[PDB]
$ cat coords.cif   # mmCIF, C-alpha atoms and all ligand atoms
data_protein
loop_
_atom_site.label_atom_id
_atom_site.label_comp_id
_atom_site.auth_asym_id
_atom_site.auth_seq_id
_atom_site.Cartn_x
_atom_site.Cartn_y
_atom_site.Cartn_z
CA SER A 1 -16.35 -59.43 -59.16
CA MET A 2 -19.26 -57.73 -60.92
CA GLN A 3 -21.16 -55.21 -58.80
CA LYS A 4 -24.76 -54.46 -59.56
CA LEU A 5 -25.27 -50.72 -59.40
CA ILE A 6 -27.61 -48.71 -57.26
CA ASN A 7 -28.10 -45.49 -59.20
CA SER A 8 -29.33 -41.99 -58.49
CA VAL A 9 -32.31 -40.52 -60.30
CA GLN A 10 -32.23 -36.74 -60.68
CA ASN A 11 -35.78 -35.41 -60.44
CA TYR A 12 -35.30 -32.18 -62.39
CA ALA A 13 -38.63 -30.50 -63.28
CA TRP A 14 -38.07 -31.23 -66.95
CA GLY A 15 -37.98 -35.02 -66.56
CA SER A 16 -40.63 -37.54 -67.65
CA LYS A 17 -42.96 -38.84 -65.04
CA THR A 18 -43.31 -42.18 -66.88
CA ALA A 19 -40.46 -42.92 -69.22
CA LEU A 20 -38.13 -44.64 -66.70
CA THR A 21 -41.15 -46.65 -65.40
CA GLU A 22 -42.52 -47.49 -68.89
CA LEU A 23 -39.11 -48.65 -70.20
CA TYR A 24 -37.45 -50.20 -67.21
CA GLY A 25 -40.13 -50.72 -64.53
CA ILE A 26 -38.46 -48.20 -62.26
CA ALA A 27 -40.97 -47.34 -59.55
CA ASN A 28 -42.42 -43.83 -59.25
CA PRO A 29 -45.71 -43.88 -57.20
CA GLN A 30 -45.59 -40.18 -56.35
CA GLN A 31 -45.03 -39.33 -59.99
CA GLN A 32 -41.95 -37.14 -59.76
CA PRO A 33 -40.32 -35.96 -62.92
CA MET A 34 -37.44 -38.39 -63.48
CA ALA A 35 -34.90 -36.55 -65.62
CA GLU A 36 -31.56 -38.36 -65.39
CA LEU A 37 -30.45 -41.75 -64.20
CA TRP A 38 -26.82 -41.50 -63.15
CA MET A 39 -24.34 -44.33 -63.52
CA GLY A 40 -20.91 -43.50 -62.18
CA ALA A 41 -19.16 -41.89 -59.32
CA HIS A 42 -20.09 -38.24 -59.29
CA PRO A 43 -19.08 -36.56 -55.99
CA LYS A 44 -22.66 -35.25 -55.46
CA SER A 45 -24.45 -38.51 -56.23
CA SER A 46 -22.23 -41.56 -56.71
CA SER A 47 -23.82 -44.79 -57.80
CA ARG A 48 -23.49 -47.38 -54.96
CA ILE A 49 -22.58 -51.08 -54.72
CA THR A 50 -23.55 -53.75 -52.14
CA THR A 56 -23.96 -50.74 -49.30
CA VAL A 57 -21.08 -48.35 -50.21
CA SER A 58 -20.26 -45.47 -52.49
CA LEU A 59 -18.84 -46.59 -55.86
CA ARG A 60 -16.82 -43.35 -55.80
CA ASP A 61 -15.32 -44.51 -52.45
CA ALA A 62 -14.59 -48.06 -53.63
CA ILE A 63 -12.63 -46.46 -56.48
CA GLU A 64 -10.54 -44.09 -54.32
CA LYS A 65 -9.83 -46.98 -51.91
CA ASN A 66 -8.15 -48.82 -54.87
CA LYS A 67 -7.59 -46.83 -58.06
CA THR A 68 -5.30 -49.24 -59.93
CA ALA A 69 -7.43 -52.32 -59.39
CA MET A 70 -10.73 -50.64 -60.22
CA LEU A 71 -9.76 -48.29 -63.08
CA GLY A 72 -6.71 -50.15 -64.42
CA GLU A 73 -3.29 -48.53 -64.57
CA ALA A 74 -3.71 -46.48 -67.74
CA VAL A 75 -6.87 -44.86 -66.49
CA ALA A 76 -5.62 -44.28 -62.94
CA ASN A 77 -2.33 -42.77 -64.31
CA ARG A 78 -4.07 -40.65 -66.98
CA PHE A 79 -7.20 -39.48 -65.10
CA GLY A 80 -6.85 -40.49 -61.43
CA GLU A 81 -10.57 -41.24 -61.15
CA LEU A 82 -13.42 -42.69 -63.26
CA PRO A 83 -13.16 -40.27 -66.19
CA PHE A 84 -16.86 -40.23 -67.29
CA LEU A 85 -20.44 -40.09 -66.17
CA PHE A 86 -23.06 -42.25 -67.89
CA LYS A 87 -26.73 -41.23 -67.85
CA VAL A 88 -30.07 -42.24 -69.18
CA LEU A 89 -31.66 -38.89 -70.03
CA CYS A 90 -35.49 -38.55 -70.17
CA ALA A 91 -36.42 -35.20 -71.69
CA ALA A 92 -40.21 -34.63 -71.50
CA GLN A 93 -39.48 -30.93 -72.21
CA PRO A 94 -36.98 -29.28 -74.53
CA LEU A 95 -33.83 -28.27 -72.64
CA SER A 96 -31.53 -25.28 -73.12
CA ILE A 97 -29.15 -24.78 -75.98
CA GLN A 98 -25.61 -25.31 -74.74
CA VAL A 99 -22.04 -24.86 -75.91
CA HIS A 100 -19.03 -26.47 -74.29
CA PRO A 101 -16.00 -24.31 -74.46
CA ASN A 102 -12.74 -26.12 -75.29
CA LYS A 103 -9.99 -27.18 -72.81
CA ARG A 104 -7.97 -23.90 -73.12
CA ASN A 105 -10.97 -21.67 -72.63
CA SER A 106 -12.48 -23.70 -69.75
CA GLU A 107 -9.14 -23.24 -67.92
CA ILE A 108 -9.22 -19.49 -68.57
CA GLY A 109 -12.91 -19.34 -67.65
CA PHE A 110 -12.59 -21.20 -64.35
CA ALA A 111 -9.59 -19.08 -63.40
CA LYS A 112 -11.24 -15.78 -64.40
CA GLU A 113 -14.43 -16.37 -62.45
CA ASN A 114 -12.44 -17.15 -59.22
CA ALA A 115 -11.35 -13.49 -59.08
CA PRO A 119 -18.55 -15.39 -57.28
CA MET A 120 -19.29 -19.15 -57.26
CA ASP A 121 -22.10 -21.72 -57.92
CA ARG A 125 -21.16 -19.19 -62.66
CA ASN A 126 -20.50 -20.96 -65.99
CA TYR A 127 -17.02 -22.33 -65.29
CA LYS A 128 -17.64 -24.40 -62.20
CA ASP A 129 -14.79 -26.49 -63.26
CA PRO A 130 -11.65 -26.13 -65.49
CA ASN A 131 -12.34 -29.36 -67.42
CA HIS A 132 -13.57 -29.82 -70.96
CA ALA A 133 -16.88 -31.55 -71.59
CA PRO A 134 -16.99 -33.89 -74.59
CA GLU A 135 -20.31 -35.74 -74.96
CA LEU A 136 -21.92 -38.47 -76.90
CA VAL A 137 -25.64 -39.08 -77.04
CA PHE A 138 -27.24 -42.46 -77.99
CA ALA A 139 -30.91 -42.68 -78.87
CA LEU A 140 -32.96 -45.20 -76.85
CA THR A 141 -36.30 -43.78 -78.17
CA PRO A 142 -36.84 -41.38 -81.12
CA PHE A 143 -34.61 -38.52 -79.94
CA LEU A 144 -35.07 -34.98 -81.29
CA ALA A 145 -32.19 -32.60 -81.02
CA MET A 146 -30.20 -29.73 -82.31
CA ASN A 147 -26.52 -30.05 -83.20
CA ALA A 148 -24.31 -27.41 -84.91
CA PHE A 149 -24.87 -24.78 -87.51
CA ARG A 150 -26.57 -25.71 -90.75
CA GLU A 151 -25.06 -25.04 -94.18
CA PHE A 152 -25.02 -21.28 -95.00
CA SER A 153 -27.44 -21.88 -97.97
CA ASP A 154 -29.97 -23.68 -95.79
CA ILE A 155 -29.70 -21.00 -93.14
CA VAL A 156 -30.62 -18.50 -95.96
CA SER A 157 -33.65 -20.47 -97.17
CA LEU A 158 -35.05 -20.88 -93.67
CA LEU A 159 -34.64 -17.21 -92.77
CA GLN A 160 -36.37 -15.79 -95.87
CA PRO A 161 -39.90 -16.49 -94.57
CA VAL A 162 -38.96 -14.47 -91.47
CA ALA A 163 -36.46 -12.01 -92.99
CA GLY A 164 -38.49 -9.00 -91.80
CA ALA A 165 -38.05 -10.34 -88.24
CA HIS A 166 -34.90 -8.39 -87.45
CA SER A 167 -32.31 -6.16 -89.11
CA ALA A 168 -29.47 -8.65 -88.49
CA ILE A 169 -31.38 -11.34 -90.46
CA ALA A 170 -31.59 -9.04 -93.41
CA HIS A 171 -27.88 -8.28 -93.03
CA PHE A 172 -27.06 -11.99 -93.03
CA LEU A 173 -29.20 -12.85 -96.04
CA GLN A 174 -27.57 -10.07 -98.04
CA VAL A 175 -24.07 -11.55 -97.33
CA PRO A 176 -24.34 -15.13 -95.98
CA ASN A 177 -20.98 -15.38 -94.19
CA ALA A 178 -19.55 -16.51 -90.82
CA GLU A 179 -19.28 -12.92 -89.48
CA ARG A 180 -22.94 -12.21 -90.18
CA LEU A 181 -24.04 -15.55 -88.75
CA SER A 182 -21.99 -14.62 -85.65
CA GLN A 183 -23.44 -11.14 -85.52
CA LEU A 184 -26.85 -12.67 -86.07
CA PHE A 185 -26.47 -15.26 -83.34
CA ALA A 186 -25.42 -12.52 -80.90
CA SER A 187 -28.06 -10.08 -82.15
CA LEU A 188 -30.84 -12.63 -81.68
CA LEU A 189 -29.93 -13.41 -78.06
CA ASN A 190 -29.61 -9.71 -77.24
CA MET A 191 -33.08 -8.80 -78.58
CA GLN A 192 -34.89 -6.68 -76.02
CA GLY A 193 -38.50 -5.51 -75.48
CA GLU A 194 -40.29 -4.72 -78.76
CA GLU A 195 -37.23 -5.39 -80.92
CA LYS A 196 -37.77 -8.92 -79.65
CA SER A 197 -41.54 -8.85 -80.14
CA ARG A 198 -41.45 -7.64 -83.70
CA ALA A 199 -39.12 -10.64 -84.10
CA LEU A 200 -41.24 -13.31 -82.42
CA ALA A 201 -44.38 -11.94 -84.21
CA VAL A 202 -42.72 -12.31 -87.60
CA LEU A 203 -41.74 -15.84 -86.47
CA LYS A 204 -44.83 -16.99 -84.50
CA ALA A 205 -47.37 -15.57 -86.90
CA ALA A 206 -45.29 -17.16 -89.72
CA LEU A 207 -45.36 -20.59 -88.11
CA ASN A 208 -48.94 -20.50 -89.49
CA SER A 209 -47.97 -20.30 -93.23
CA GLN A 210 -44.98 -22.69 -93.30
CA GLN A 211 -45.00 -26.58 -93.21
CA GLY A 212 -42.83 -29.40 -91.91
CA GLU A 213 -39.41 -29.00 -90.36
CA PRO A 214 -37.78 -27.06 -88.88
CA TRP A 215 -41.03 -25.17 -88.22
CA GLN A 216 -42.71 -28.04 -86.44
CA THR A 217 -39.77 -28.32 -84.05
CA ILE A 218 -40.06 -24.54 -83.35
CA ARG A 219 -43.73 -25.10 -82.62
CA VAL A 220 -42.74 -27.97 -80.24
CA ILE A 221 -40.37 -25.57 -78.41
CA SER A 222 -42.80 -22.57 -78.29
CA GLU A 223 -45.06 -24.58 -75.95
CA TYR A 224 -42.29 -24.48 -73.34
CA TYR A 225 -40.57 -21.26 -74.46
CA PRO A 226 -43.06 -18.84 -75.97
CA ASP A 227 -40.98 -15.73 -75.17
CA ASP A 228 -37.47 -17.01 -76.07
CA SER A 229 -35.05 -15.97 -78.91
CA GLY A 230 -33.88 -19.58 -79.13
CA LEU A 231 -37.14 -20.20 -80.97
CA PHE A 232 -35.03 -18.95 -83.93
CA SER A 233 -32.28 -21.52 -83.45
CA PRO A 234 -33.78 -24.37 -85.50
CA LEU A 235 -33.26 -22.04 -88.50
CA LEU A 236 -29.58 -21.73 -87.56
CA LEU A 237 -28.93 -25.24 -86.25
CA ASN A 238 -29.31 -28.70 -87.71
CA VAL A 239 -32.43 -30.31 -86.30
CA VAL A 240 -32.10 -34.09 -86.03
CA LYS A 241 -34.30 -36.91 -85.03
CA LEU A 242 -32.07 -39.72 -83.96
CA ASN A 243 -33.60 -43.14 -84.45
CA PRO A 244 -33.16 -45.71 -81.66
CA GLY A 245 -29.50 -46.89 -81.72
CA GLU A 246 -28.06 -43.94 -83.63
CA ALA A 247 -25.61 -41.63 -81.94
CA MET A 248 -23.94 -38.17 -82.12
CA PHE A 249 -20.90 -36.63 -80.64
CA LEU A 250 -21.16 -33.10 -79.32
CA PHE A 251 -18.00 -31.21 -80.14
CA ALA A 252 -16.62 -28.15 -78.43
CA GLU A 253 -17.78 -24.65 -79.53
CA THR A 254 -20.89 -26.11 -81.12
CA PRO A 255 -24.41 -25.12 -80.06
CA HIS A 256 -26.64 -28.09 -79.37
CA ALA A 257 -29.84 -28.96 -77.53
CA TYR A 258 -31.77 -32.04 -76.49
CA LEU A 259 -35.34 -31.36 -77.37
CA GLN A 260 -37.36 -34.58 -76.91
CA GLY A 261 -37.01 -38.24 -76.09
CA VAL A 262 -34.92 -40.71 -74.15
CA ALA A 263 -31.24 -41.35 -74.62
CA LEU A 264 -28.03 -42.59 -73.17
CA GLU A 265 -25.52 -39.78 -72.61
CA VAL A 266 -21.85 -40.25 -71.83
CA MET A 267 -19.78 -37.27 -70.77
CA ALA A 268 -16.40 -36.33 -69.34
CA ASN A 269 -16.53 -34.92 -65.82
CA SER A 270 -17.25 -31.27 -66.32
CA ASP A 271 -20.25 -29.26 -65.11
CA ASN A 272 -19.29 -26.35 -67.41
CA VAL A 273 -21.79 -24.88 -69.85
CA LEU A 274 -22.54 -21.72 -71.77
CA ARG A 275 -26.21 -21.38 -72.42
CA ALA A 276 -27.26 -20.12 -75.81
CA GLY A 277 -31.06 -19.92 -75.37
CA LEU A 278 -34.17 -21.90 -74.39
CA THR A 279 -33.45 -20.70 -70.89
CA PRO A 280 -34.46 -17.91 -68.56
CA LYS A 281 -30.95 -17.63 -67.02
CA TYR A 282 -28.65 -14.72 -67.94
CA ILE A 283 -26.46 -15.37 -71.01
CA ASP A 284 -23.07 -13.62 -71.39
CA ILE A 285 -23.19 -13.19 -75.13
CA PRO A 286 -19.65 -11.86 -75.54
CA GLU A 287 -18.50 -14.99 -73.56
CA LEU A 288 -20.76 -17.21 -75.66
CA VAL A 289 -19.69 -15.70 -79.00
CA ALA A 290 -15.94 -16.04 -78.29
CA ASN A 291 -16.52 -19.75 -77.52
CA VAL A 292 -18.46 -20.60 -80.64
CA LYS A 293 -17.23 -21.90 -84.03
CA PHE A 294 -19.41 -20.29 -86.75
CA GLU A 295 -18.79 -23.01 -89.43
CA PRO A 296 -21.59 -24.99 -90.96
CA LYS A 297 -21.61 -28.74 -90.41
CA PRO A 298 -23.32 -30.92 -93.04
CA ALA A 299 -26.21 -33.25 -92.11
CA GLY A 300 -24.22 -36.39 -93.00
CA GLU A 301 -21.34 -35.67 -90.57
CA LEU A 302 -23.57 -35.33 -87.48
CA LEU A 303 -24.06 -38.98 -86.58
CA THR A 304 -21.26 -41.16 -85.37
CA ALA A 305 -20.47 -44.05 -87.74
CA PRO A 306 -20.02 -47.17 -85.61
CA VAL A 307 -17.79 -50.11 -86.46
CA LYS A 308 -19.13 -53.63 -86.04
CA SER A 309 -16.69 -56.41 -84.96
CA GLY A 310 -18.16 -59.73 -83.92
CA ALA A 311 -21.13 -58.89 -81.71
CA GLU A 312 -19.57 -55.56 -80.62
CA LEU A 313 -20.69 -52.33 -82.22
CA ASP A 314 -18.14 -49.67 -81.26
CA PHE A 315 -18.77 -45.90 -81.56
CA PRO A 316 -15.45 -44.14 -81.96
CA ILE A 317 -14.99 -41.12 -79.78
CA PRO A 318 -12.23 -38.60 -80.95
CA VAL A 319 -11.40 -38.05 -77.25
CA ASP A 320 -9.57 -40.30 -74.75
CA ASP A 321 -12.00 -39.78 -71.91
CA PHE A 322 -14.36 -42.66 -72.76
CA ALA A 323 -15.47 -45.11 -75.33
CA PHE A 324 -18.84 -46.63 -75.96
CA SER A 325 -19.88 -49.93 -77.45
CA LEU A 326 -23.13 -51.91 -77.89
CA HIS A 327 -23.01 -55.74 -77.39
CA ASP A 328 -25.62 -58.06 -78.96
CA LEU A 329 -26.37 -60.95 -76.62
CA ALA A 330 -26.69 -64.49 -77.84
CA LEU A 331 -27.75 -67.58 -75.87
CA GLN A 332 -24.13 -68.72 -76.34
CA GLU A 333 -21.80 -66.71 -74.04
CA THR A 334 -19.51 -64.03 -75.46
CA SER A 335 -16.56 -62.43 -73.79
CA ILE A 336 -16.58 -58.74 -72.91
CA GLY A 337 -13.29 -57.26 -71.73
CA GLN A 338 -11.42 -54.00 -71.52
CA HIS A 339 -8.28 -52.71 -70.01
CA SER A 340 -10.27 -50.38 -67.74
CA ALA A 341 -13.27 -50.09 -65.46
CA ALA A 342 -16.50 -50.53 -67.40
CA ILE A 343 -20.18 -49.94 -66.80
CA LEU A 344 -22.50 -52.39 -68.49
CA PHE A 345 -26.07 -51.24 -68.98
CA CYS A 346 -28.90 -53.44 -70.26
CA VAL A 347 -30.69 -51.66 -73.08
CA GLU A 348 -33.36 -54.30 -73.92
CA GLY A 349 -34.02 -58.03 -73.37
CA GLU A 350 -32.06 -59.56 -70.56
CA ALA A 351 -28.39 -60.26 -69.90
CA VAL A 352 -26.77 -62.93 -67.88
CA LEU A 353 -23.27 -61.85 -66.75
CA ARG A 354 -20.87 -64.56 -65.51
CA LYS A 355 -17.42 -64.36 -64.00
CA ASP A 356 -16.36 -67.84 -62.79
CA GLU A 357 -18.96 -68.95 -60.24
CA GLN A 358 -20.71 -65.57 -60.16
CA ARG A 359 -23.90 -64.89 -62.07
CA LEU A 360 -25.53 -61.47 -62.32
CA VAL A 361 -28.77 -60.98 -64.24
CA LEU A 362 -29.43 -57.53 -65.73
CA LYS A 363 -32.98 -56.59 -66.72
CA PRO A 364 -33.46 -53.58 -68.98
CA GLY A 365 -32.26 -50.38 -67.30
CA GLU A 366 -30.06 -52.21 -64.80
CA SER A 367 -26.32 -51.70 -64.72
CA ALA A 368 -23.18 -53.40 -63.45
CA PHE A 369 -19.78 -51.98 -62.59
CA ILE A 370 -16.91 -54.12 -63.72
CA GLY A 371 -13.53 -53.20 -62.24
CA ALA A 372 -10.30 -53.45 -64.30
CA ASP A 373 -9.02 -56.41 -62.22
CA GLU A 374 -12.28 -58.25 -62.96
CA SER A 375 -12.21 -58.15 -66.76
CA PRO A 376 -13.25 -60.09 -68.80
CA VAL A 377 -16.82 -61.23 -68.17
CA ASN A 378 -19.05 -63.62 -70.09
CA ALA A 379 -22.36 -62.26 -71.34
CA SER A 380 -25.28 -64.13 -72.79
CA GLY A 381 -29.03 -63.67 -73.13
CA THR A 382 -31.18 -61.65 -75.52
CA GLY A 383 -31.15 -57.99 -76.61
CA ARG A 384 -28.22 -55.62 -76.07
CA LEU A 385 -25.83 -54.27 -73.50
CA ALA A 386 -24.24 -50.76 -73.71
CA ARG A 387 -20.78 -50.39 -72.33
CA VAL A 388 -18.85 -47.33 -71.19
CA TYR A 389 -15.15 -47.85 -70.69
CA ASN A 390 -11.66 -46.55 -71.85
CA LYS A 391 -9.72 -47.82 -74.86
CA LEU A 392 -6.35 -46.88 -73.46
ZN ZN B 1 -24.13 -30.93 -74.00
#

$ encode --input "coords.cif" --output "structure tokens"
Amino acid sequence: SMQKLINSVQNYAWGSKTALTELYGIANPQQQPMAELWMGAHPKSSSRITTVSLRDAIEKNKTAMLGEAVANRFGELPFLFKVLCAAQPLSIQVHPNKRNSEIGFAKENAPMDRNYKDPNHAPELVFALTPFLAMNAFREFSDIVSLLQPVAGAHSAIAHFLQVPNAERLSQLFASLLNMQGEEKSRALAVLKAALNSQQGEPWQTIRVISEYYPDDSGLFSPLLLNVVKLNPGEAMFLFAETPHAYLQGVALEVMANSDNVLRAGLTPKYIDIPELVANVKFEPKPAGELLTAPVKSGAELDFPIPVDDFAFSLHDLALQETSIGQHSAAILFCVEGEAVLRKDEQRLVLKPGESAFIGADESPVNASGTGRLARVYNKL
């Protein structure tokens, strides 16, 4: 009924050597970086159940596993669920919208794995498991101005912006910063990196955190353009389309639609097509108090509303008295802390922290009890 998941760990060079072990007791005796723990049915690394591919168990029976609304809307598990362990800051990224991902995939086809690997859009939610430092969206024009003034002599475009703090200038400035070359770029970093020494607090400290991993990158300027946030454990943010963001430090749950598309906007050595980037970015400020997702608590369930149909995400507080958890779709249940006893009829499945279970549509509901919390990814249709 309930299938305990065997999950892939991506050992990207940027991953923590200790965070998955320290939190969840996941073994790592050769000390590889452990960057992402994948829960789902990705074609390149499907989670498995007891052994067989979860992705294969789904395609063998879509209706029973996904439920009819999901199988008729998506035709597969419509999300991928990760624990992300960033021991280094990652690249700034923008997800183009649906329309433009279609255009992009199609246009590239006339080279391959390319930024449009895939004609799908890529909504994302991140959920902090440990203090999680990030960038999300442009700051308010007035705060952009205040933060740039200590470095205004850095580059002509900054001066141009400060003189007229509008969306065009921000856009020009964004583009101008990424297209700095040679000594144009050095005059710029020097104004910035020398001026890290006579400024205090944030966002300067964040810049200083990034400069360890990216000394020679124009994205060192981004924390002046973009809202820096430290998510506390249990807070979350949705990453909209056309909105620069980056995951800089810490451990989180990440849910995403199935798209591998991404336009990089800095903190990266790879080539960046700035025209392509700039056409797919929304140069509107976004206030600090709209960044986090406001959850809704009902009973023991804390739901985080997602403005997109592709997935939904809820936290469930376990009590020693059983509670019912059900959905009209497939769900993945992931133990965040404590310990969860799952029961369906005669079946009992214990989840320790970091362990997950796949619950097919035809196996809802299940009874959960124990201590701590369980995260669930599912679909509300
Ligand atoms: Zn993203």

$ residues_near_ligand --input "coords.cif" --ligand "ligand ZN 1 (chain B)" --cutoff "9 Å" --atoms "all atoms listed in the file" --output "list in words"
residues 97, 98, 99, 100, 133, 134, 135, 136, 137, 250, 251, 255, 256, 257, 258, 267 and 273 of chain A

$ atom_distance --input "coords.cif" --atom1 "atom CA of residue A:125" --atom2 "atom CA of residue A:237"
25.6 Å

$ axis_aligned_box --input "coords.cif" --around "stretch 39-47 of chain A" --padding-each-side "8 Å" --output "JSON"
{"center_x": -21.8, "center_y": -40.0, "center_z": -59.5, "size_x": 21.4, "size_y": 25.5, "size_z": 24.1}

$ atom_distance --input "coords.cif" --atom1 "atom CA of residue A:189" --atom2 "atom CA of residue A:204"
16.6 Å

$ closest_residue --input "coords.cif" --among "A:361, A:89, A:202, A:62" --to "residue A:34" --atoms "all atoms listed in the file"
A:89

$ atom_distance --input "coords.cif" --atom1 "atom CA of residue A:86" --atom2 "atom CA of residue A:24"
16.5 Å

$ residues_around --input "coords.cif" --residues "stretch 276-287 of chain A" --least-positions-apart "2" --cutoff "8 Å" --atoms "all atoms listed in the file" --output "NGL selection string"
:A and (94-99 or 186 or 189-190 or 225 or 228-231 or 255 or 274 or 289-291)

$ closest_residue --input "coords.cif" --among "A:331, A:299, A:9, A:344" --to "residue A:154" --atoms "all atoms listed in the file"
A:299

$ residues_around --input "coords.cif" --residues "residue A:356" --least-positions-apart "2" --cutoff "12 Å" --atoms "all atoms listed in the file" --output "PyMOL selection string"
chain A and resi 1-2+353-354+358-360+374-379

$ write_last_selection --input "coords.cif" --atoms "C-alpha atoms" --output "short mmCIF file (atom, residue, chain, number, x, y, z; two decimals), keeping the file's coordinate frame"
data_model
loop_
_atom_site.label_atom_id
_atom_site.label_comp_id
_atom_site.auth_asym_id
_atom_site.auth_seq_id
_atom_site.Cartn_x
_atom_site.Cartn_y
_atom_site.Cartn_z
CA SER A 1 -16.35 -59.43 -59.16
CA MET A 2 -19.26 -57.73 -60.92
CA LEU A 353 -23.27 -61.85 -66.75
CA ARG A 354 -20.87 -64.56 -65.51
CA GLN A 358 -20.71 -65.57 -60.16
CA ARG A 359 -23.90 -64.89 -62.07
CA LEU A 360 -25.53 -61.47 -62.32
CA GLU A 374 -12.28 -58.25 -62.96
CA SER A 375 -12.21 -58.15 -66.76
CA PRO A 376 -13.25 -60.09 -68.80
CA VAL A 377 -16.82 -61.23 -68.17
CA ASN A 378 -19.05 -63.62 -70.09
CA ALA A 379 -22.36 -62.26 -71.34
#

$ closest_atom_pairs --input "coords.cif" --of "stretch 60-90 of chain A" --to "stretch 386-390 of chain A" --cutoff "10 Å" --atoms "all atoms listed in the file" --output "Markdown table"
| residue | atom | partner | partner_atom | distance |
| --- | --- | --- | --- | --- |
| A:71 | CA | A:390 | CA | 9.1 |
| A:72 | CA | A:390 | CA | 9.6 |
| A:74 | CA | A:390 | CA | 8.9 |
| A:75 | CA | A:390 | CA | 7.4 |
| A:82 | CA | A:389 | CA | 9.2 |
| A:83 | CA | A:390 | CA | 8.6 |
| A:84 | CA | A:388 | CA | 8.3 |
| A:85 | CA | A:388 | CA | 9.0 |
| A:86 | CA | A:388 | CA | 7.4 |

$ residues_around --input "coords.cif" --residues "residue A:195" --least-positions-apart "6" --cutoff "10 Å" --atoms "all atoms listed in the file" --output "list in words"
residues 165, 166, 167 and 188 of chain A

$ closest_residue --input "coords.cif" --among "A:210, A:105, A:147, A:197" --to "residue A:233" --atoms "only C-alpha atoms"
A:147
